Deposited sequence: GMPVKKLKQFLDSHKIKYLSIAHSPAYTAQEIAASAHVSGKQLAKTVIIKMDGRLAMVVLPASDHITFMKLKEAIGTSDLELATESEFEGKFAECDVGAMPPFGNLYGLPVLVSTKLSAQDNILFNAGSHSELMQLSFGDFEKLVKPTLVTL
């Protein structure tokens, strides 16, 4: 399970992170709207193929995305983690040997907030801690 693995990873590194679980009465849209109204940027992860190799692109949920670039199929990566909902993959590509590309729109913020296993379960940690742990390549998108 990527979430249990993630928490075990962050705990071993003594990371201060929050887990925000929304009740089932909340829709995914209400969650994204609440984060926005709060002045928070909700980050989303998209799986790409860069020169034929799997990578993660991390960018604001409200935004959209070498010349050898294509989106990965669910069976190529996301589908391999069944307990983790499609679109709720945490941006910790390092745990699976995937390079991580992060939007500079996200690096401007004090924290990074993202879905963890489902659209209802969020996780937040400082961008500085995320950047030190993951070592992503920052990209302008």
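Residues of the deposited sequence with no modelled C-alpha atom fall in the ranges 1, 67 to 76.
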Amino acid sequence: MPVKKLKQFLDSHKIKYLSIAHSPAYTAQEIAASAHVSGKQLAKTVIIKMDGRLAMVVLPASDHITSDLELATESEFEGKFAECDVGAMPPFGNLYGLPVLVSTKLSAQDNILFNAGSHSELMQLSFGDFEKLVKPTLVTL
From here on, numbers count along this sequence of modelled residues.
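Per the PDB record, of the two stretches 66 to 74 and 82 to 90, 66 to 74 carries the greater mean B-factor over its C-alpha atoms. The stretch 94 to 102 shows the higher mean C-alpha B-factor when 28 to 36 is compared against 94 to 102 in the entry.
Among all modelled residues in its chain, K135 ranks in the middle third by Cα B-factor. Sort the modelled residues of the chain by CA B factor and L42 lands in the middle third. When the modelled residues of the chain are ordered by their C-alpha B factor, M50 lands in the highest third.
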